[PDB]
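**Q** Structure: final.txt, compact mmCIF, C-alpha atoms.
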# COMPACT_ATOMS: atom_id res chain seq x y z
CA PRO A 2 -0.62 -12.02 -23.08
CA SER A 3 -1.06 -12.32 -26.89
CA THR A 4 1.55 -15.02 -27.64
CA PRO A 5 0.43 -18.55 -26.68
CA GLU A 6 3.85 -18.87 -24.92
CA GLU A 7 2.95 -15.90 -22.69
CA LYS A 8 -0.51 -17.40 -22.06
CA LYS A 9 1.28 -20.54 -20.72
CA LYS A 10 3.67 -18.76 -18.25
CA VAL A 11 0.93 -16.55 -16.83
CA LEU A 12 -1.35 -19.58 -16.34
CA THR A 13 1.57 -21.27 -14.57
CA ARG A 14 2.05 -18.30 -12.24
CA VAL A 15 -1.71 -17.98 -11.70
CA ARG A 16 -1.91 -21.64 -10.84
CA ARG A 17 1.03 -21.28 -8.50
CA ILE A 18 -0.98 -18.49 -6.82
CA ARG A 19 -4.00 -20.83 -6.41
CA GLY A 20 -1.31 -23.20 -4.98
CA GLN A 21 -0.46 -20.53 -2.36
CA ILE A 22 -4.18 -19.98 -1.63
CA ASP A 23 -4.67 -23.74 -0.97
CA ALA A 24 -1.99 -23.66 1.76
CA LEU A 25 -3.71 -20.60 3.28
CA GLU A 26 -7.07 -22.45 3.64
CA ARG A 27 -5.15 -25.50 4.84
CA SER A 28 -3.38 -23.28 7.42
CA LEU A 29 -6.63 -21.38 8.35
CA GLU A 30 -8.69 -24.54 9.01
CA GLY A 31 -5.72 -25.93 11.03
CA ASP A 32 -3.43 -24.77 13.86
CA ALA A 33 -1.92 -21.64 12.29
CA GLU A 34 -0.75 -18.60 14.28
CA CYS A 35 -2.02 -15.20 12.86
CA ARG A 36 1.67 -14.18 12.19
CA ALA A 37 2.15 -17.24 9.90
CA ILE A 38 -1.13 -16.52 8.11
CA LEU A 39 -0.40 -12.79 7.62
CA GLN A 40 2.94 -13.93 6.09
CA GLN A 41 1.10 -16.35 3.72
CA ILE A 42 -1.31 -13.60 2.67
CA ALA A 43 1.59 -11.22 2.17
CA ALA A 44 3.28 -13.75 -0.14
CA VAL A 45 0.03 -13.94 -2.13
CA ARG A 46 0.10 -10.18 -2.61
CA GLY A 47 3.78 -10.41 -3.49
CA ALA A 48 2.98 -13.08 -6.14
CA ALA A 49 0.11 -11.10 -7.65
CA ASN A 50 2.34 -7.97 -7.82
CA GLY A 51 5.07 -9.97 -9.36
CA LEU A 52 2.73 -11.18 -12.07
CA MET A 53 1.10 -7.81 -12.59
CA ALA A 54 4.56 -6.40 -13.40
CA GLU A 55 5.29 -9.27 -15.78
CA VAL A 56 1.99 -8.80 -17.59
CA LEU A 57 2.40 -5.04 -17.73
CA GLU A 58 5.99 -5.22 -19.09
CA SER A 59 4.91 -7.74 -21.70
CA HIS A 60 1.80 -5.73 -22.71
CA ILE A 61 3.71 -2.43 -23.12
CA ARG A 62 6.42 -4.19 -25.18
CA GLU A 63 3.87 -5.81 -27.53
CA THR A 64 2.07 -2.46 -28.05
CA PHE A 65 5.31 -0.82 -29.27
CA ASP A 66 6.05 -3.86 -31.48
CA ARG A 67 2.63 -3.94 -33.34
CA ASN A 68 3.37 -0.26 -34.02
CA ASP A 69 6.78 -1.08 -35.71
CA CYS A 70 8.18 1.11 -32.99
CA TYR A 71 10.44 -1.21 -31.00
CA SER A 72 14.01 0.03 -30.66
CA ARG A 73 16.65 -0.16 -27.94
CA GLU A 74 15.67 3.21 -26.51
CA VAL A 75 11.97 2.18 -26.29
CA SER A 76 13.14 -1.13 -24.80
CA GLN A 77 15.06 0.66 -22.03
CA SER A 78 12.23 3.05 -21.33
CA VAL A 79 10.23 -0.04 -20.49
CA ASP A 80 13.09 -1.36 -18.30
CA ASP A 81 13.05 1.95 -16.44
CA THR A 82 9.25 1.97 -16.20
CA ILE A 83 9.05 -1.56 -14.82
CA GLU A 84 11.77 -1.00 -12.18
CA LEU A 85 9.62 1.86 -10.85
CA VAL A 86 6.34 -0.10 -10.88
CA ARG A 87 8.08 -3.10 -9.20
CA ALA A 88 9.33 -0.75 -6.52
CA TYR A 89 6.30 1.51 -5.96
CA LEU A 90 3.10 -0.44 -6.75
CA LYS A 91 2.59 -2.75 -3.75
CA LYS B 9 -15.51 -17.08 9.55
CA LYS B 10 -15.70 -13.68 7.74
CA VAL B 11 -12.15 -14.77 6.79
CA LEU B 12 -13.01 -17.88 4.74
CA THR B 13 -15.73 -15.78 3.07
CA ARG B 14 -12.89 -13.69 1.74
CA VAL B 15 -10.54 -16.64 0.98
CA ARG B 16 -13.27 -17.97 -1.41
CA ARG B 17 -13.77 -14.56 -3.11
CA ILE B 18 -9.97 -14.62 -3.70
CA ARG B 19 -10.23 -18.18 -5.12
CA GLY B 20 -13.22 -16.92 -7.16
CA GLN B 21 -11.03 -14.16 -8.67
CA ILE B 22 -8.17 -16.57 -9.50
CA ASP B 23 -10.39 -19.12 -11.25
CA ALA B 24 -11.95 -16.32 -13.38
CA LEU B 25 -8.51 -15.07 -14.18
CA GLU B 26 -7.49 -18.63 -14.98
CA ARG B 27 -10.57 -18.75 -17.29
CA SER B 28 -10.01 -15.23 -18.77
CA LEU B 29 -6.65 -16.66 -19.79
CA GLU B 30 -8.12 -19.92 -21.12
CA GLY B 31 -10.84 -17.92 -22.96
CA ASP B 32 -8.23 -15.59 -24.52
CA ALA B 33 -9.41 -12.18 -23.10
CA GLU B 34 -7.68 -8.89 -23.83
CA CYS B 35 -4.55 -7.85 -21.88
CA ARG B 36 -6.29 -4.85 -20.20
CA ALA B 37 -8.69 -7.33 -18.63
CA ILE B 38 -5.90 -9.62 -17.29
CA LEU B 39 -4.22 -6.63 -15.62
CA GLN B 40 -7.54 -5.39 -14.31
CA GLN B 41 -8.05 -8.71 -12.56
CA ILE B 42 -4.48 -9.19 -11.20
CA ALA B 43 -4.84 -5.72 -9.57
CA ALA B 44 -8.13 -6.86 -8.11
CA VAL B 45 -6.49 -9.99 -6.57
CA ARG B 46 -3.92 -7.73 -4.86
CA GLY B 47 -6.77 -5.51 -3.60
CA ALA B 48 -8.45 -8.55 -2.07
CA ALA B 49 -5.21 -9.86 -0.50
CA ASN B 50 -5.13 -6.40 1.28
CA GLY B 51 -8.83 -6.74 2.28
CA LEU B 52 -8.20 -10.19 3.70
CA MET B 53 -5.18 -8.94 5.60
CA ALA B 54 -7.44 -6.27 7.11
CA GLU B 55 -9.75 -8.98 8.45
CA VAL B 56 -7.06 -11.29 9.88
CA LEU B 57 -5.43 -8.26 11.50
CA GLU B 58 -8.82 -7.16 12.83
CA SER B 59 -9.31 -10.72 14.24
CA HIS B 60 -5.91 -10.93 16.01
CA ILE B 61 -6.37 -7.43 17.47
CA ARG B 62 -9.96 -7.88 18.62
CA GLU B 63 -8.98 -11.27 20.11
CA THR B 64 -5.76 -10.09 21.80
CA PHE B 65 -7.57 -7.32 23.78
CA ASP B 66 -10.60 -9.29 24.95
CA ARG B 67 -7.98 -11.83 26.16
CA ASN B 68 -6.53 -9.08 28.49
CA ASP B 69 -9.57 -8.81 30.75
CA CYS B 70 -10.00 -5.08 30.21
CA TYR B 71 -13.53 -4.10 29.29
CA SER B 72 -14.56 -0.51 29.12
CA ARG B 73 -16.29 1.97 26.79
CA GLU B 74 -12.92 3.79 26.55
CA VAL B 75 -10.87 0.62 25.75
CA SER B 76 -13.45 -0.31 23.11
CA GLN B 77 -12.95 2.99 21.24
CA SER B 78 -9.18 2.68 21.43
CA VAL B 79 -9.68 -0.74 19.78
CA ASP B 80 -12.22 0.69 17.22
CA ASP B 81 -9.78 3.45 16.26
CA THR B 82 -7.01 0.90 15.83
CA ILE B 83 -9.32 -1.09 13.55
CA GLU B 84 -10.44 2.09 11.70
CA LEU B 85 -6.76 2.77 11.03
CA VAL B 86 -6.03 -0.66 9.73
CA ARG B 87 -9.10 -0.30 7.45
CA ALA B 88 -7.90 3.10 6.08
CA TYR B 89 -4.42 1.72 5.19
CA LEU B 90 -5.54 -1.63 3.68
CA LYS B 91 -9.16 -0.91 2.58
CA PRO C 2 -0.50 12.04 23.12
CA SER C 3 -2.14 13.33 26.37
CA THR C 4 1.25 13.67 28.12
CA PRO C 5 3.08 17.04 27.75
CA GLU C 6 6.40 15.11 27.21
CA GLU C 7 4.96 12.98 24.36
CA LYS C 8 3.52 16.10 22.69
CA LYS C 9 7.16 17.26 22.30
CA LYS C 10 8.68 14.15 20.64
CA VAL C 11 5.80 13.99 18.16
CA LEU C 12 6.14 17.70 17.39
CA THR C 13 9.85 17.07 16.61
CA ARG C 14 8.98 14.21 14.23
CA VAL C 15 6.36 16.36 12.48
CA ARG C 16 8.91 19.07 12.01
CA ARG C 17 11.46 16.58 10.78
CA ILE C 18 8.79 15.71 8.17
CA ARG C 19 8.42 19.39 7.19
CA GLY C 20 12.22 19.29 6.75
CA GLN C 21 11.78 16.35 4.33
CA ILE C 22 8.99 18.12 2.44
CA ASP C 23 11.15 21.23 2.07
CA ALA C 24 14.06 19.15 0.69
CA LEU C 25 11.60 17.59 -1.72
CA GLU C 26 10.43 21.12 -2.62
CA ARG C 27 14.09 22.18 -3.23
CA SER C 28 14.46 19.19 -5.56
CA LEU C 29 11.39 20.27 -7.61
CA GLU C 30 12.44 24.03 -7.46
CA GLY C 31 15.82 23.02 -8.90
CA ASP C 32 16.27 19.76 -10.82
CA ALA C 33 17.25 16.32 -9.53
CA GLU C 34 16.39 13.09 -11.33
CA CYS C 35 12.82 11.66 -11.29
CA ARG C 36 13.95 8.55 -9.27
CA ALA C 37 15.51 10.66 -6.46
CA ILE C 38 12.15 12.44 -6.11
CA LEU C 39 10.24 9.15 -5.78
CA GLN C 40 12.80 8.03 -3.16
CA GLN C 41 12.14 11.30 -1.28
CA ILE C 42 8.38 10.83 -1.39
CA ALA C 43 8.74 7.24 -0.15
CA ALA C 44 10.88 8.52 2.74
CA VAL C 45 8.19 11.03 3.69
CA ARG C 46 5.70 8.14 3.73
CA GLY C 47 8.07 5.99 5.73
CA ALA C 48 8.34 8.88 8.22
CA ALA C 49 4.53 9.32 8.47
CA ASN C 50 4.09 5.51 9.02
CA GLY C 51 6.87 5.49 11.48
CA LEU C 52 5.13 8.20 13.50
CA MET C 53 1.67 6.69 13.09
CA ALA C 54 3.06 3.61 14.88
CA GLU C 55 4.77 5.56 17.64
CA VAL C 56 1.52 7.49 18.29
CA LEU C 57 -0.77 4.48 18.02
CA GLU C 58 1.43 2.53 20.47
CA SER C 59 1.49 5.38 22.96
CA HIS C 60 -2.32 5.97 22.69
CA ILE C 61 -3.20 2.30 23.28
CA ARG C 62 -0.74 2.17 26.22
CA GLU C 63 -2.29 5.21 27.83
CA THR C 64 -5.82 3.79 27.42
CA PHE C 65 -4.98 0.63 29.37
CA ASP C 66 -3.09 2.66 32.01
CA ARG C 67 -5.91 5.25 32.45
CA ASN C 68 -8.23 2.25 33.08
CA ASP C 69 -5.97 0.92 35.93
CA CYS C 70 -5.39 -2.09 33.68
CA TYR C 71 -1.67 -2.10 32.83
CA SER C 72 0.21 -5.35 33.33
CA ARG C 73 3.08 -7.09 31.54
CA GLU C 74 0.83 -9.28 29.41
CA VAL C 75 -1.17 -6.20 28.24
CA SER C 76 2.23 -4.62 27.64
CA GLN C 77 3.50 -7.51 25.50
CA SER C 78 0.19 -7.66 23.61
CA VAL C 79 0.72 -4.07 22.57
CA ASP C 80 4.23 -5.11 21.56
CA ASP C 81 2.78 -7.86 19.42
CA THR C 82 0.16 -5.55 17.92
CA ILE C 83 2.56 -2.71 16.93
CA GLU C 84 5.08 -5.13 15.42
CA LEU C 85 2.28 -6.19 13.05
CA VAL C 86 1.13 -2.64 12.29
CA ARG C 87 4.78 -1.64 11.63
CA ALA C 88 5.13 -4.59 9.29
CA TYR C 89 1.72 -4.42 7.46
CA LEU C 90 0.39 -0.84 7.35
CA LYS C 91 2.36 0.93 4.56
CA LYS D 9 3.01 20.04 -13.77
CA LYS D 10 0.51 19.77 -10.90
CA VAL D 11 3.07 18.30 -8.48
CA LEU D 12 3.45 21.59 -6.57
CA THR D 13 -0.36 21.54 -6.33
CA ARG D 14 -0.03 18.48 -4.14
CA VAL D 15 3.33 19.19 -2.41
CA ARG D 16 1.63 22.37 -1.03
CA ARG D 17 -1.56 20.59 0.12
CA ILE D 18 0.70 18.06 1.90
CA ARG D 19 2.59 20.87 3.62
CA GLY D 20 -0.91 22.13 4.51
CA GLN D 21 -1.60 18.82 6.31
CA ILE D 22 1.68 18.88 8.28
CA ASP D 23 1.07 22.39 9.61
CA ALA D 24 -2.50 21.56 10.63
CA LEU D 25 -1.04 18.58 12.43
CA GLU D 26 1.48 20.84 14.09
CA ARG D 27 -1.52 23.08 15.10
CA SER D 28 -3.52 20.07 16.36
CA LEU D 29 -0.60 19.20 18.63
CA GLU D 30 0.12 22.78 19.81
CA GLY D 31 -3.69 23.08 20.38
CA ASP D 32 -4.10 19.85 22.45
CA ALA D 33 -6.32 17.85 20.11
CA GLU D 34 -7.52 14.34 20.82
CA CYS D 35 -5.01 11.52 20.38
CA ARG D 36 -7.60 9.97 17.94
CA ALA D 37 -7.41 13.10 15.78
CA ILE D 38 -3.61 13.04 15.50
CA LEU D 39 -3.73 9.50 14.10
CA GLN D 40 -6.45 10.39 11.66
CA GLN D 41 -4.30 13.21 10.34
CA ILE D 42 -1.04 11.21 10.18
CA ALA D 43 -2.91 8.56 8.05
CA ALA D 44 -3.96 11.34 5.72
CA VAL D 45 -0.32 12.52 5.44
CA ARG D 46 0.59 8.97 4.36
CA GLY D 47 -2.39 8.97 1.99
CA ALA D 48 -1.26 12.23 0.43
CA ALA D 49 2.31 11.04 -0.14
CA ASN D 50 0.78 8.04 -2.05
CA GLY D 51 -1.24 10.52 -4.18
CA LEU D 52 1.89 12.56 -4.75
CA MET D 53 3.71 9.43 -5.85
CA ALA D 54 0.83 8.65 -8.23
CA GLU D 55 1.34 12.03 -9.90
CA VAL D 56 5.16 11.96 -10.10
CA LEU D 57 4.99 8.46 -11.69
CA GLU D 58 2.29 9.66 -14.09
CA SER D 59 4.58 12.59 -15.11
CA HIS D 60 7.51 10.23 -15.68
CA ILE D 61 5.51 7.56 -17.53
CA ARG D 62 3.90 10.09 -19.90
CA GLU D 63 7.21 11.98 -20.46
CA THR D 64 9.09 8.73 -21.12
CA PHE D 65 6.65 7.46 -23.83
CA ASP D 66 6.23 10.76 -25.72
CA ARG D 67 10.06 11.03 -25.78
CA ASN D 68 10.09 7.79 -27.87
CA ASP D 69 8.33 9.34 -30.89
CA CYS D 70 5.68 6.67 -31.04
CA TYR D 71 2.20 8.06 -31.37
CA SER D 72 -0.87 6.04 -32.10
CA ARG D 73 -4.27 5.69 -30.41
CA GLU D 74 -3.34 2.08 -29.47
CA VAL D 75 -0.13 3.28 -27.75
CA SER D 76 -2.03 6.03 -25.95
CA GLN D 77 -4.41 3.44 -24.44
CA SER D 78 -1.56 1.16 -23.36
CA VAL D 79 -0.23 4.28 -21.53
CA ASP D 80 -3.73 5.17 -20.16
CA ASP D 81 -4.05 1.61 -18.86
CA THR D 82 -0.63 1.83 -17.21
CA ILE D 83 -1.63 5.06 -15.52
CA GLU D 84 -4.91 3.49 -14.43
CA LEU D 85 -2.97 0.75 -12.56
CA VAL D 86 -0.72 3.27 -10.98
CA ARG D 87 -3.92 5.03 -9.76
CA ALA D 88 -5.63 1.78 -8.60
CA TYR D 89 -2.59 0.87 -6.46
CA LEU D 90 -1.84 4.30 -4.96
CA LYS D 91 -5.00 6.48 -5.31
Is it possible to express this structure as structure tokens?
**A**
Amino acid sequence: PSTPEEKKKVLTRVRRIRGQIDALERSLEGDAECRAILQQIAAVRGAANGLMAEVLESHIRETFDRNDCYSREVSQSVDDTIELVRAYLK
Amino acid sequence: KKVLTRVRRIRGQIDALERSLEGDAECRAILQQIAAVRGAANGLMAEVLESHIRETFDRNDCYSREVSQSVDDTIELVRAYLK
Amino acid sequence: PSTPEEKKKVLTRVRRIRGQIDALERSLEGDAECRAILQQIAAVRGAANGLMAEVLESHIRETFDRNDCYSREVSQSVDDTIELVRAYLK
Amino acid sequence: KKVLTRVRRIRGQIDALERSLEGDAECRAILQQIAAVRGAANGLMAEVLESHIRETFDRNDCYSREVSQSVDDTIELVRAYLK
């Protein structure tokens, strides 16, 4: 993030991830079944990966823009690149 | 246990990332740290799995040098895949 | 596998994986799109994982049996364990 | 184009696995080798993505040291996640 607007959304998501980690401690200290925990942990990893893709997409786009290089073909390269990352970096 | 040890390290990573963001760090650094959170979610999953597996086979009243390896190799395999 | 029957099923699956690696090789010899290649590689990995579970499950089962220790609860534990491995080792 | 480099070495692992089985190796050893097949496929994926990412951002006629690093950093993540 470079824009203060991007700073805000990421902080939101990051906080929401601390929100998911709270419920995991809450569940760990309590009466949780390993299958419910593993699921909570998996959703943490899902959330991180979600955000990683959103930061990456945003970073790549800003790089091309500072370089006066943003066009529709560049923009779609990024679309293509992020679909792959979303699908294969887990 | 060794599990909460890891839940804190995760919380540790998220608060630093929350602060990286507050302290306006460079984008490479934000990505570096989100990837590291994911890596620790995998490491934590490798503990909780290791717990449930260790615990499920002591529970079955089958002790043996041979059964212990079988359970070490299962754990070694989990560790390879999740690190 | 210790059993001469289980050696055969596994050896099929391994060959079926060679068959997938040859199709992948065809697709790099000739030219298919870069997303169809990724999909092929993921399918190889899905096949390896798939077999890693089948072998793991059989190995654990044999260990309890060989120790005169096989019951239904031991059997369902292995069911519970493999379902997790299938779901979380990728 | 060092994709064949790896597709070969992966075929190398499958045949050794086929030998292990024909040659009555330990059940522990089969699992070790199947995990390494999976590990190789991930490495293969980390090359094929690297090919595509590089190829896709040179094709945009946008050169600059700052753009090169953004692409290095992308490729670093790809490597971190897959090995």
**Q** I'd like the contact shell of residue 23 in chain A - 10 Å cut-off, only C-alpha atoms, skipping same-chain residues fewer than 6 positions apart - returned as a PDB file with C-alpha atoms, in the coordinates of the input.
**A**
ATOM      1  CA  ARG A  17       1.030 -21.280  -8.500  1.00  0.00           C
ATOM      2  CA  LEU A  29      -6.630 -21.380   8.350  1.00  0.00           C
TER       3      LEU A  29
ATOM      4  CA  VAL B  15     -10.540 -16.640   0.980  1.00  0.00           C
ATOM      5  CA  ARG B  19     -10.230 -18.180  -5.120  1.00  0.00           C
TER       6      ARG B  19
END
**Q** If we count all atoms listed in the file, which residues of chain B reach to within 12 Å of chain A? Please list them as number ranges by chain.
**A** B: 9-61, 63-64, 90
**Q** Once chain D is fitted to chain B on all Cα atoms paired one-to-one in order, how large is the remaining RMSD?
**A** 0.3 Å
**Q** Given the choices B:76, B:87, B:66, B:81, which gets closest to chain D if the distance is worked out from all atoms listed in the file?
**A**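 Of the candidates, the smallest distance to chain D is held by B:81.
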**Q** If chain C is fitted onto chain A by least squares over all C-alpha atoms, taken pair by pair in sequence order, what do its new coordinates look like as a short mmCIF file (atom, residue, chain, number, x, y, z; two decimals) with C-alpha atoms, in the coordinates of the input?
**A**
data_model
loop_
_atom_site.label_atom_id
_atom_site.label_comp_id
_atom_site.auth_asym_id
_atom_site.auth_seq_id
_atom_site.Cartn_x
_atom_site.Cartn_y
_atom_site.Cartn_z
CA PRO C 2 -0.59 -11.70 -23.30
CA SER C 3 -1.53 -12.06 -27.03
CA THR C 4 1.23 -14.66 -27.62
CA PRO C 5 0.30 -18.35 -27.07
CA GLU C 6 3.70 -18.88 -25.27
CA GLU C 7 3.10 -15.99 -22.81
CA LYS C 8 -0.41 -17.29 -22.06
CA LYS C 9 1.32 -20.42 -20.66
CA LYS C 10 3.82 -18.77 -18.25
CA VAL C 11 1.08 -16.55 -16.83
CA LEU C 12 -1.25 -19.53 -16.42
CA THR C 13 1.54 -21.27 -14.42
CA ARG C 14 1.95 -18.23 -12.14
CA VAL C 15 -1.82 -18.04 -11.58
CA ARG C 16 -1.85 -21.67 -10.63
CA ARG C 17 1.13 -21.19 -8.37
CA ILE C 18 -1.06 -18.54 -6.67
CA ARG C 19 -3.94 -21.03 -6.29
CA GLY C 20 -1.31 -23.27 -4.64
CA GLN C 21 -0.56 -20.44 -2.18
CA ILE C 22 -4.25 -19.83 -1.50
CA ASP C 23 -4.78 -23.53 -0.81
CA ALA C 24 -1.85 -23.58 1.66
CA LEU C 25 -3.39 -20.55 3.31
CA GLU C 26 -6.72 -22.43 3.38
CA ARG C 27 -4.98 -25.47 5.01
CA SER C 28 -3.59 -23.11 7.66
CA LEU C 29 -7.10 -21.78 8.48
CA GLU C 30 -8.66 -25.35 8.25
CA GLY C 31 -6.09 -26.51 10.80
CA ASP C 32 -4.34 -24.05 13.12
CA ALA C 33 -1.07 -22.16 12.62
CA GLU C 34 -0.23 -18.92 14.40
CA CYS C 35 -1.86 -15.59 13.38
CA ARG C 36 1.54 -14.14 12.19
CA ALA C 37 2.22 -17.08 9.81
CA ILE C 38 -1.17 -16.40 8.20
CA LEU C 39 -0.36 -12.71 7.65
CA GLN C 40 2.99 -13.76 6.14
CA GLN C 41 1.07 -16.09 3.79
CA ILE C 42 -1.34 -13.37 2.74
CA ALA C 43 1.56 -10.97 2.10
CA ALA C 44 3.20 -13.65 -0.08
CA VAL C 45 0.02 -14.01 -2.12
CA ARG C 46 0.08 -10.23 -2.63
CA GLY C 47 3.75 -10.30 -3.51
CA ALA C 48 2.92 -13.00 -6.09
CA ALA C 49 0.02 -10.98 -7.60
CA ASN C 50 2.27 -7.84 -7.82
CA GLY C 51 5.04 -9.86 -9.24
CA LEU C 52 2.75 -11.10 -12.01
CA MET C 53 1.11 -7.72 -12.56
CA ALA C 54 4.60 -6.44 -13.45
CA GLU C 55 5.47 -9.34 -15.71
CA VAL C 56 2.16 -8.87 -17.59
CA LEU C 57 2.33 -5.09 -17.73
CA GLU C 58 5.90 -5.26 -19.10
CA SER C 59 4.95 -7.79 -21.75
CA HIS C 60 1.78 -5.83 -22.79
CA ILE C 61 3.65 -2.52 -23.21
CA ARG C 62 6.41 -4.32 -25.16
CA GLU C 63 3.92 -5.88 -27.52
CA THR C 64 2.17 -2.53 -28.11
CA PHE C 65 5.37 -0.86 -29.31
CA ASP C 66 6.28 -3.92 -31.42
CA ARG C 67 2.80 -4.21 -33.03
CA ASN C 68 3.23 -0.52 -34.03
CA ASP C 69 6.58 -1.25 -35.83
CA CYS C 70 8.16 0.98 -33.19
CA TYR C 71 10.54 -1.24 -31.19
CA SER C 72 14.07 0.03 -30.69
CA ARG C 73 16.63 -0.21 -27.88
CA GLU C 74 15.72 3.14 -26.36
CA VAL C 75 12.00 2.16 -26.25
CA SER C 76 13.23 -1.11 -24.77
CA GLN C 77 15.27 0.58 -22.02
CA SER C 78 12.40 2.99 -21.29
CA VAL C 79 10.20 0.02 -20.55
CA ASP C 80 13.02 -1.25 -18.36
CA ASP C 81 13.03 2.03 -16.50
CA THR C 82 9.24 2.07 -16.19
CA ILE C 83 8.85 -1.50 -14.82
CA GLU C 84 11.68 -1.03 -12.31
CA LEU C 85 9.60 1.83 -10.86
CA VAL C 86 6.31 -0.10 -10.92
CA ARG C 87 8.07 -3.07 -9.24
CA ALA C 88 9.42 -0.74 -6.59
CA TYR C 89 6.31 1.49 -5.99
CA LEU C 90 3.08 -0.43 -6.72
CA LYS C 91 2.48 -2.69 -3.67
#
**Q** For residue 58 in chain A, list every protein, DNA or RNA residue within 10 Å, evaluated using only C-alpha atoms, and leave out those in the same chain fewer than 4 positions away; present the list as an MDAnalysis selection string.
**A** (chainID A and resid 52:54 62:63 79:80 82:84 86) or (chainID D and resid 82)
